[PDB]
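input-v2.pdb (PDB, C-alpha atoms) appears below.
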```
ATOM      1  CA  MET A   1     160.189 105.226  24.152
ATOM      2  CA  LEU A   2     159.783 108.749  25.563
ATOM      3  CA  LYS A   3     161.901 109.585  28.615
ATOM      4  CA  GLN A   4     159.285 112.023  29.963
ATOM      5  CA  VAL A   5     155.573 111.471  30.628
ATOM      6  CA  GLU A   6     153.472 113.680  28.313
ATOM      7  CA  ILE A   7     149.997 114.864  29.335
ATOM      8  CA  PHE A   8     147.469 116.987  27.377
ATOM      9  CA  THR A   9     144.168 118.218  28.796
ATOM     10  CA  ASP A  10     141.042 120.140  27.987
ATOM     11  CA  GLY A  11     137.643 120.665  29.607
ATOM     12  CA  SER A  12     134.353 121.930  28.254
ATOM     13  CA  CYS A  13     130.906 122.940  29.479
ATOM     14  CA  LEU A  14     127.686 123.909  27.763
ATOM     15  CA  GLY A  15     126.354 126.005  30.690
ATOM     16  CA  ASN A  16     127.044 127.440  34.142
ATOM     17  CA  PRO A  17     126.205 125.083  35.485
ATOM     18  CA  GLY A  18     125.650 122.707  32.582
ATOM     19  CA  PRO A  19     126.508 119.344  31.009
ATOM     20  CA  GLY A  20     130.291 119.155  30.634
ATOM     21  CA  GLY A  21     133.222 116.928  29.929
ATOM     22  CA  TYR A  22     136.954 116.511  29.672
ATOM     23  CA  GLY A  23     139.544 114.931  27.382
ATOM     24  CA  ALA A  24     143.075 113.932  28.443
ATOM     25  CA  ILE A  25     145.907 112.180  26.581
ATOM     26  CA  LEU A  26     148.655 110.492  28.521
ATOM     27  CA  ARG A  27     151.863 109.050  27.012
ATOM     28  CA  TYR A  28     153.097 106.606  29.629
ATOM     29  CA  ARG A  29     155.136 103.422  29.683
ATOM     30  CA  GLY A  30     154.846 102.476  25.979
ATOM     31  CA  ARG A  31     151.250 103.581  25.406
ATOM     32  CA  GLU A  32     149.018 106.461  24.630
ATOM     33  CA  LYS A  33     146.037 106.378  27.029
ATOM     34  CA  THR A  34     142.954 108.509  26.380
ATOM     35  CA  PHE A  35     140.444 109.478  29.049
ATOM     36  CA  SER A  36     137.085 111.164  28.457
ATOM     37  CA  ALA A  37     133.856 111.413  30.493
ATOM     38  CA  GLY A  38     130.802 113.804  30.505
ATOM     39  CA  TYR A  39     129.077 115.098  33.696
ATOM     40  CA  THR A  40     125.392 116.104  33.811
ATOM     41  CA  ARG A  41     125.789 119.350  35.761
ATOM     42  CA  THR A  42     129.147 120.993  36.195
ATOM     43  CA  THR A  43     131.264 124.017  35.134
ATOM     44  CA  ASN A  44     134.077 124.548  32.573
ATOM     45  CA  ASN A  45     136.647 125.169  35.348
ATOM     46  CA  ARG A  46     135.779 121.915  37.168
ATOM     47  CA  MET A  47     136.168 119.920  33.940
ATOM     48  CA  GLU A  48     139.508 121.635  33.171
ATOM     49  CA  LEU A  49     140.777 120.570  36.635
ATOM     50  CA  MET A  50     139.250 117.109  36.236
ATOM     51  CA  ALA A  51     141.255 116.518  33.036
ATOM     52  CA  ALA A  52     144.597 116.996  34.835
ATOM     53  CA  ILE A  53     143.400 114.998  37.860
ATOM     54  CA  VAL A  54     142.473 111.808  35.949
ATOM     55  CA  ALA A  55     145.704 111.805  33.870
ATOM     56  CA  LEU A  56     147.938 112.213  36.951
ATOM     57  CA  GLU A  57     146.091 109.614  39.033
ATOM     58  CA  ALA A  58     146.867 107.025  36.317
ATOM     59  CA  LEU A  59     150.564 107.358  37.173
ATOM     60  CA  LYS A  60     151.613 104.597  39.525
ATOM     61  CA  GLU A  61     155.176 105.715  40.299
ATOM     62  CA  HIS A  62     157.006 109.035  40.593
ATOM     63  CA  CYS A  63     157.508 110.409  37.077
ATOM     64  CA  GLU A  64     158.949 113.424  35.298
ATOM     65  CA  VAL A  65     156.007 114.974  33.520
ATOM     66  CA  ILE A  66     155.306 117.648  30.995
ATOM     67  CA  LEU A  67     151.652 118.757  31.090
ATOM     68  CA  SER A  68     150.272 120.825  28.223
ATOM     69  CA  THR A  69     147.020 122.793  28.412
ATOM     70  CA  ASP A  70     145.487 126.103  27.314
ATOM     71  CA  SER A  71     143.429 126.301  30.566
ATOM     72  CA  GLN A  72     143.634 129.777  32.079
ATOM     73  CA  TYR A  73     142.023 128.604  35.318
ATOM     74  CA  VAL A  74     144.511 125.823  35.903
ATOM     75  CA  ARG A  75     147.384 128.183  35.025
ATOM     76  CA  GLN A  76     146.105 130.881  37.407
ATOM     77  CA  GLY A  77     145.674 128.412  40.267
ATOM     78  CA  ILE A  78     149.156 126.908  39.701
ATOM     79  CA  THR A  79     151.001 130.201  39.241
ATOM     80  CA  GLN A  80     149.138 132.599  41.567
ATOM     81  CA  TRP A  81     146.832 130.836  44.043
ATOM     82  CA  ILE A  82     147.863 127.359  45.213
ATOM     83  CA  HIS A  83     150.975 128.404  47.122
ATOM     84  CA  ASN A  84     149.063 130.983  49.184
ATOM     85  CA  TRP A  85     146.056 128.693  49.696
ATOM     86  CA  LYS A  86     148.187 125.983  51.383
ATOM     87  CA  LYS A  87     149.677 128.645  53.696
ATOM     88  CA  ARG A  88     146.143 129.800  54.512
ATOM     89  CA  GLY A  89     144.554 126.363  55.056
ATOM     90  CA  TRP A  90     142.599 126.627  51.776
ATOM     91  CA  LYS A  91     140.527 129.670  52.691
ATOM     92  CA  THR A  92     139.594 132.910  50.978
ATOM     93  CA  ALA A  93     140.390 136.331  52.520
ATOM     94  CA  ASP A  94     136.797 136.429  53.966
ATOM     95  CA  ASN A  95     137.472 133.089  55.624
ATOM     96  CA  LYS A  96     135.557 130.544  53.558
ATOM     97  CA  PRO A  97     136.778 127.397  51.838
ATOM     98  CA  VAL A  98     138.162 128.149  48.381
ATOM     99  CA  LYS A  99     136.049 127.566  45.270
ATOM    100  CA  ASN A 100     136.429 123.949  44.016
ATOM    101  CA  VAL A 101     138.592 123.136  47.037
ATOM    102  CA  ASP A 102     137.605 119.493  46.519
ATOM    103  CA  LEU A 103     139.292 119.335  43.061
ATOM    104  CA  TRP A 104     142.236 121.649  43.904
ATOM    105  CA  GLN A 105     143.096 119.475  46.961
ATOM    106  CA  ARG A 106     142.742 116.353  44.865
ATOM    107  CA  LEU A 107     144.988 117.836  42.179
ATOM    108  CA  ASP A 108     147.557 119.048  44.754
ATOM    109  CA  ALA A 109     147.809 115.513  46.119
ATOM    110  CA  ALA A 110     148.602 114.127  42.619
ATOM    111  CA  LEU A 111     151.077 116.929  41.908
ATOM    112  CA  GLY A 112     153.199 116.093  44.957
ATOM    113  CA  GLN A 113     154.056 112.617  43.685
ATOM    114  CA  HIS A 114     155.881 113.919  40.573
ATOM    115  CA  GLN A 115     158.325 116.390  38.973
ATOM    116  CA  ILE A 116     156.134 118.591  36.757
ATOM    117  CA  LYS A 117     156.880 120.960  33.917
ATOM    118  CA  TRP A 118     153.804 122.965  32.861
ATOM    119  CA  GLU A 119     153.401 124.178  29.253
ATOM    120  CA  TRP A 120     150.784 126.911  28.838
ATOM    121  CA  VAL A 121     149.583 126.779  25.226
ATOM    122  CA  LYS A 122     147.269 129.277  23.563
ATOM    123  CA  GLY A 123     143.953 127.871  22.347
ATOM    124  CA  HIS A 124     144.623 128.615  18.714
ATOM    125  CA  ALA A 125     148.192 127.322  18.761
ATOM    126  CA  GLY A 126     148.367 124.034  20.713
ATOM    127  CA  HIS A 127     149.592 120.653  19.422
ATOM    128  CA  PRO A 128     147.508 118.046  17.642
ATOM    129  CA  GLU A 129     146.981 116.420  21.052
ATOM    130  CA  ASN A 130     145.408 119.552  22.563
ATOM    131  CA  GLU A 131     142.915 119.888  19.676
ATOM    132  CA  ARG A 132     142.034 116.207  20.105
ATOM    133  CA  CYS A 133     141.356 116.798  23.842
ATOM    134  CA  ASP A 134     139.004 119.690  22.949
ATOM    135  CA  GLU A 135     137.089 117.437  20.520
ATOM    136  CA  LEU A 136     136.786 114.679  23.176
ATOM    137  CA  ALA A 137     135.724 117.167  25.913
ATOM    138  CA  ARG A 138     133.026 118.577  23.642
ATOM    139  CA  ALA A 139     131.673 115.155  22.543
ATOM    140  CA  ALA A 140     131.583 114.034  26.187
ATOM    141  CA  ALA A 141     129.539 117.087  27.218
ATOM    142  CA  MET A 142     126.878 116.062  24.675
ATOM    143  CA  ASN A 143     126.544 112.635  26.275
ATOM    144  CA  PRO A 144     127.087 112.925  30.044
ATOM    145  CA  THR A 145     126.951 109.827  32.213
ATOM    146  CA  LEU A 146     128.497 110.748  35.550
ATOM    147  CA  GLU A 147     127.584 112.996  38.454
ATOM    148  CA  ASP A 148     129.883 115.799  39.600
ATOM    149  CA  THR A 149     129.396 115.300  43.334
ATOM    150  CA  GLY A 150     131.535 118.182  44.493
ATOM    151  CA  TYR A 151     129.675 120.838  42.544
ATOM    152  CA  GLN A 152     128.046 123.570  44.631
ATOM    153  CA  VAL A 153     126.054 126.612  43.490
ATOM    154  CA  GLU A 154     127.493 127.662  46.818
ATOM    155  CA  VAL A 155     130.783 127.495  48.718
TER     156      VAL A 155
END
```
Kindly return the structure encoded in the file as structure tokens.
Amino acid sequence: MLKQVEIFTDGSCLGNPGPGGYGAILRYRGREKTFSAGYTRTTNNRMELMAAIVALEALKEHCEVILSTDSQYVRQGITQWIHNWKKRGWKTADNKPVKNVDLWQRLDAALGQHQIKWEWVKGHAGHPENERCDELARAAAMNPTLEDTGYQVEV
């Protein structure tokens, strides 16, 4: 039985905007849970955030987590933007709501319930679970069933 929760995520999109999906693998309690869903009209960045969101929201108590992903967008947000956005009330320097504020706020909320260790893998050198995520994200994008409500050409 692992002593740390392990999470792997990937997101994919055929266009901008386009049909997209995510894949996430969660090792929790004594199981391996797999999540995957495709959205009719979304972006790659929104799917990459969605992957992390869904995996974290499955956690029902405060856990010690290790999350592994090759997502540049998630890494950038986590390491350079988030901190400064919370100080600013989630606005850009020209005073508008940040891009994908809906998902970043949602993620932030899930983050605050746990002790997280982030592992930034390179696309060509991730574990077997990251490749698997990529395959599920891609398959999902080919057969989308949900609507990405928070997507805006806009804000």
- Item | Explicit residue set for the PyMOL selection byres ((chain A and resi 152) around 9), as a PyMOL selection string | chain A and resi 42+99-100+149-151+153-155
- Shortest contact to residue A:62, candidates A:121, A:26, A:111, A:146, atoms counted all atoms listed in the file, goes to A:111
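Pairwise distance (atom CA of residue A:60, atom CA of residue A:98) equals 28.5 Å.
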- Output of the PyMOL selection byres ((chain A and resi 16-22) around 7), listed as a PyMOL selection string: chain A and resi 10-15+23-24+36-44+47-48+50-51+136-138+140-141+144
- Name the residues that the PyMOL selection byres ((chain A and resi 66) around 8) pulls out of this structure, and write them as an NGL selection string. :A and (4-7 or 64-65 or 67-68 or 116-119)
- To one decimal place, how far is atom CA of residue A:80 from atom CA of residue A:25 in Å? 25.5 Å
To box stretch 64-77 of chain A, take all atoms listed in the file, fit an axis-aligned box, add 4 Å on each side, and give centre and edge lengths in Å to one decimal, as JSON.
```
{"center_x": 150.5, "center_y": 122.2, "center_z": 33.8, "size_x": 24.9, "size_y": 25.5, "size_z": 21.0}
```
- Message: Counting only C-alpha atoms, which residue out of A:90, A:70, A:97, A:61 sits closest to residue A:114?
- Response: A:61
